[PDB]
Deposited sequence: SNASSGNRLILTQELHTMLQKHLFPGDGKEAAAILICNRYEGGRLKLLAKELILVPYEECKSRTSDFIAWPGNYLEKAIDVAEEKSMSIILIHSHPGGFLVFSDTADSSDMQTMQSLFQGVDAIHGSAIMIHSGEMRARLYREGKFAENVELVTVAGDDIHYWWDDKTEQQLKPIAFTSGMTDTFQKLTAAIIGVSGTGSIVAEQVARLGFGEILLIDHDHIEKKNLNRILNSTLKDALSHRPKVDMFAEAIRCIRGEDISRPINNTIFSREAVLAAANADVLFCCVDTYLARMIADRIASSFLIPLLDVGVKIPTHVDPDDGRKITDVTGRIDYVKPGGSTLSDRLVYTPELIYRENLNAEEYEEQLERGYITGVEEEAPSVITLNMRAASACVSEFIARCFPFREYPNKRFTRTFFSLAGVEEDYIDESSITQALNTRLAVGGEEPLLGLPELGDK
């Protein structure tokens, strides 16, 4: 679950690619995906640019073959040369093809060697079927090496196309052992082992996730024994780090070294580069800085993001004295290429600036929010609602007003997303404080 490689496409790229590869005439088509890479605990290919080969530019197109010109390999190499990007050829299901110049044709093998000669990097060849599922093979030194373990698109719904898929195996439904089998192959990152984060982490561990990253610098103490799952008085009296405490708890619960404690703030190279390995991010730190870092990790490394927060404002009523003003929670799902936490004003530059220049809490509210947060991931991997998951991109609930509201992704304005799929380009996350010094 930790070292399997991945090819990640954005929903918007995948939709364009699927339309191009399946126009409706049942004939093969061709396209080229240019990808950045993350190479930490695993190889992750990050789809960045898409070149569609126009049908009229192809010498021929049939139900099981296509011939397209080699100038398109040159166009892909032009895009990839500077940053040694990975180049993935993609064809409609059957996948037979050749690349022709004026003088010579190149087989699939010859074309992959040609790609390597133009750009020293891992390249690949991928196939898509009409439904959109994708399989991919990687070429090292221009030669066939290994299949991609997982091709994934995290859109409104989240799709996992595994290399070991069974032919007559239907997708599992939510809350079943087939859900567990999926999660067992995935890595989850919990940013903040907090009131909400310890609960998200607990659910993630017991749901069967295969690797669980825990990122937090804080420690157990008497004041948070009312909230932090698995914490003990002995932990508090020694100020045991939260990540070490919870990592030990997970190893006892699951009986295996699946927890990865990161004793640091998310605003660190250690944390960012660990988190980049994850297949899903849960942000549970109640600071504007933390949510922005989580936001930028999600976009840069194409990781779906679930951000959760709760608030209990209070005020002094002239008659009764102090009063609970409201009891609220918020869940935000962010897909790569969809609206960001910034777009949603979960943070702003001014709020982060004022935060870095310079309130009751309760387990019941934390659990109410954390349960909804992990349920949102389940619903998007294994749809079970009567409405499209897109309708529930944002969730706002109030236990005092006893109301719950949902915001559709389509209602949210999107700014230009410059960091999408840039991976670990320095300065990391565009922040000099995280850059290689």
- Message: Checking coverage: what stretches of the deposited chain sequence are missing C-alpha positions?
- Response: 1-2, 361-379
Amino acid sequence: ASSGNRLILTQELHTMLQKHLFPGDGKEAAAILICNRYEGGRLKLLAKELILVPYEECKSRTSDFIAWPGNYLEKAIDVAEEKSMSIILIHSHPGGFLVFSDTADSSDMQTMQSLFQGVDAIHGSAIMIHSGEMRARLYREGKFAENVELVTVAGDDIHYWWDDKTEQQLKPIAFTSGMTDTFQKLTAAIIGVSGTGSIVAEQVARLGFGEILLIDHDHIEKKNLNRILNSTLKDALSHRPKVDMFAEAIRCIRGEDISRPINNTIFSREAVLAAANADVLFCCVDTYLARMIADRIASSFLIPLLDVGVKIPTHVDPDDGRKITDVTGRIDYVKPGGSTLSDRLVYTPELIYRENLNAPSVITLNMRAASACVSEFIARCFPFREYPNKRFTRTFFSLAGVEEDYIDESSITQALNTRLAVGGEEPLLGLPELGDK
From here on, numbers count along this sequence of modelled residues.
- Message: Please compare 259-267 with 348-356 and say which has the higher mean C-alpha temperature factor in the record.
- Response: 348-356
- Comparing 68-76 with 219-227, the higher average Cα temperature factor in the PDB entry belongs to 68-76
- Query: Among 282, 144, 288, 183, which carries the highest Cα B-factor?
  - Reply: 144
- The residue of 338, 118, 309, 132 with the maximal C-alpha B-factor according to the PDB record is 118
- Looking at the C-alpha B-factor of residue 376, is it in the lowest, middle or highest third of its chain? lowest
- Of the three thirds of Cα B-factor ranks in this chain, residue 85 occupies the middle
- residue 317 by Cα B-factor - lowest, middle or highest third of the modelled chain: highest
- The third of the chain into which the C-alpha temperature factor of residue 152 falls is the lowest
- Among modelled residues of the same chain, the CA temperature factor third for residue 406: middle
